[PDB]
Amino acid sequence: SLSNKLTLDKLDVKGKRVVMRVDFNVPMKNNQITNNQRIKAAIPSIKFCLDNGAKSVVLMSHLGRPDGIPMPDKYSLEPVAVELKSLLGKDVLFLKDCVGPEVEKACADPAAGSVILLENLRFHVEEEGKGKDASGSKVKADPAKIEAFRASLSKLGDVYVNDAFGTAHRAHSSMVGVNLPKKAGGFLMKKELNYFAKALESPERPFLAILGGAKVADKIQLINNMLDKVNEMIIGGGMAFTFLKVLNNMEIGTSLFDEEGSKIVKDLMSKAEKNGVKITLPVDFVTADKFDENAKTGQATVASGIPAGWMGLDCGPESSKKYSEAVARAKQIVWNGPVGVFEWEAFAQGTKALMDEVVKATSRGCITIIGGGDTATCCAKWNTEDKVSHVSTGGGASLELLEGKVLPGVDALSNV
Ligand SMILES: Nc1ncnc2c1ncn2[C@@H]1O[C@H](COP(=O)(O)OP(=O)(O)OP(=O)(O)O)[C@@H](O)[C@H]1O
Ligand SMILES: [Mg+2]
C-alpha cells in the first residue's frame, strides 16, 4: 500500500506550476544555519521539476516554533533562500508571506523556471490548526480562517508535491489541506515509502529489529508491532534495565527504571515467545557514578549487578559481541534508538561498535534502515549516512509508521 502512492518521477510537470512542501527546518545558531543538510536533501526533487519543464516551483516549509504568530527576527526562512541559491546555482525569489492576494499574484504566472520560497508556514495559526498568542495563552484556529488559508495555498500551483516526510504524521494544512488534482511524494518521500514498505510489508529474512532509547512505556506499541514482523530483536539502551530487573531480578542501582513499563515486560516476552521471536538483551555494561560526560567509570554484568549510586550508561564488550552475532545473521535490519548514551564519548562505544557492524552488514547485501532522530544523528556524527541503505529524515513520523499508524500526509497523497 505504501508502495501504491504517486511519486514525482511518475508526474508530468512539463509547463506546470509546482507547489512543493519541503523540510527546511534547519538548525540555526542565531541567524546562521549551523547545518544545511535538509536543504541539500531537497535539491534532487526541485531540480527534477526545473529540468523537466515545470513553469515554476513554489517552496513552502516551516522553521522552529513560532507557534502561529509571526516572528521573522527569530524563525524567518530568509537565511534559507540565500543558502538555496548557492546550492541550486539559481536565483530564488523570497516572499515575506505564504498566503494572501500579493503572494497569489506573484505565483499566478511566474517567469518560467522560477524558484519561489514562501515565508514560514507556522507564522499562521491555520497551518498547525493551533498555536499560542504573545500572552502565552493557547489559541485554536478558526475553521473559516483555516479554509481560506488552505484555498490560498491551493492557488499557488497546479500540482502538489510533498517531500517533507518528517511532518507527514501531522494533519497540518500544508500536509493535508492543498486541494489539487494530483499530489505526489517527492524523491525524499519516495525513499522513505519504499524502505519502510520493506520494514512493514515484504521484509527480507531474517529480519532484525534493534530497539534502544531511555523509556519503555512510550515504546510499547512500537515493540508490540515489531514483534509481529521480526524474527529477532535486540533491546538495548536504558530501556533494557527495566527488562533485566523484572526478568532476572538484576540489581540496577540508579539506572533508568520505567515503573509503568515494568508491569508489561513479561507480557512482551510472552508475545515474543508465541511468535518465535528471539530476544537479545545486554549482559554487561559500562557504569557511571553520575549522569555526566566527565563521570567516573566502571563495569558490571547481569550476574554482578550494578552498585548503589551507579548507573549503566552503555553496554559492555560481551553485549557488543552478542549484538554483532545478531547482525551477522540478519538479511534486513531496522535500528531505532542508541544502545547507550551516544552523546558522551565515554558512553558511545557500544553504539559506535554496533554501527560498524551494521555498516559491514550493508556491504554484504543486508538492507539496513535507520530511524529518524538520535539514531539518524549517529550517522552524521560518524559519517555513515552513505554506508547504510536508508536513514530516515523523520524521527517521530518514522516512529508512528513502525507503530503501524497511518500517516495523514502519506494518506493524502494520490494512489497508483
Ligand atoms: N543506559 C542509558 N541510560 C540513560 N539514558 C540513556 C541510556 N542509553 C541511552 N540513553 C539516552 O536515550 C536517549 C534516546 O531516547 P529516546 O530514543 O527515548 O529519545 P527521543 O524520544 O528521540 O528523545 P528524548 O530523549 O528527547 O525523549 C539518548 O539521548 C540517550 O542518551
Ligand atoms: Mg522523545
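Residues numbered from 1 in each chain as written, not as in the entry; some residues may be left out. Chains lettered and ligands numbered in written order. Heavy atoms only, no water. Residues with missing side-chain atoms left out of burial classes, pairs and counts.

- Its PDB record attributes the structure to X-ray crystallography, giving the resolution as 2.1 Å.

**A look at the environment of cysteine 98**
- Among the secondary structure elements, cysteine 98 is positioned in the loop between β3 (92–94) and α4 (101–108).
- Along the primary structure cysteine 98 and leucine 193 are separated by 95 residues, whereas in three dimensions their C-alpha atoms are 28 Å apart.
- Leaving out residues up to four positions away in the same chain, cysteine 98 has contacts with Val103, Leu118, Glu119, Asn120, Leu121, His124, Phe149, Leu153 and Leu156. (Helix = DSSP H or I, 4+ residues; strand = E, 2+ residues; numbered from the N terminus. Contact = heavy atoms within 4.5 Å.)

**A look at the pairing of strand β1 (residues 17–21)**
- Of all the five residues making up β1, five are buried; the element is thus mostly covered by neighbouring parts of the structure.
- Burial of β1 is two-sided: the residues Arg17, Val19 and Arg21 facing one way and the residues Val18 and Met20 facing the other way are all buried.
- With five bridges connecting them, β1 and strand β2 (residues 56–60) associate as parallel partners. Within β2, the residue paired with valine 18 across the bridge is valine 57. (Buried < 20%, exposed > 50% of the residue type's maximum accessible area, 1.4 Å probe, protein only. Pairing = 2+ DSSP bridges.)

**What to know about the sheet that holds strand β4 (residues 114–117)**
- The strand order across the open sheet formed by six strands is β3-β4-β2-β1-β7-β8, and the pairing between neighbours is parallel. Strands with a single pairing partner mark the edges of an open sheet, and in this sheet they are β3 and β8 (183–185). Direction aside, neighbouring strands of the sheet carry axes that sit 25 degrees apart on average. (Axes fitted to C-alpha atoms, helices over the stretch in contact; angles between N-to-C directions.)

**Some points on the UniProt feature "binding site: ATP" in the chain**
- Feature annotation in UniProt places "binding site: ATP" on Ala214, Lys219, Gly238, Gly312, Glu343, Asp374 and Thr375, given in this structure's numbering. Checking the annotated residues one by one, the ones that line the second largest pocket turn out to be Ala214, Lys219, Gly238, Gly312, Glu343, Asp374 and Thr375.
- With respect to the secondary-structure elements, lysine 219 resides in the loop between β9 (207–211) and α9 (220–226).
- Look past the residues within four positions of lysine 219 in its chain and what remains in contact with it is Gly212, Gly213, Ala214 and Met239.
- Relative to the helices and strands, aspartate 374 is located in helix α15 (residues 374–381).
- Taking relative accessible area as the criterion, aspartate 374 reaches 41% and is therefore assigned partly exposed. (UniProt positions renumbered as here; feature names shortened; annotations may be inferred. 1 Å grid on protein atoms, 1.4 Å probe; cavity = no way out; pocket = protein on both sides within 12 Å on 5 of 7 lines; lining within 4 Å.)

**Regarding the UniProt feature "binding site: AMP" in the chain**
- The feature "binding site: AMP", as given by UniProt, occupies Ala214, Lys215, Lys219, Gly238, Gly312 and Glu343 in the numbering adopted here. Those annotated residues lining the second largest pocket are, specifically, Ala214, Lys219, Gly238, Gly312 and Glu343.
- Note on placement: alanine 214 falls in the loop between β9 and α9.
- When its relative accessible area of 40% is taken as the criterion, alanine 214 is described as partly exposed.

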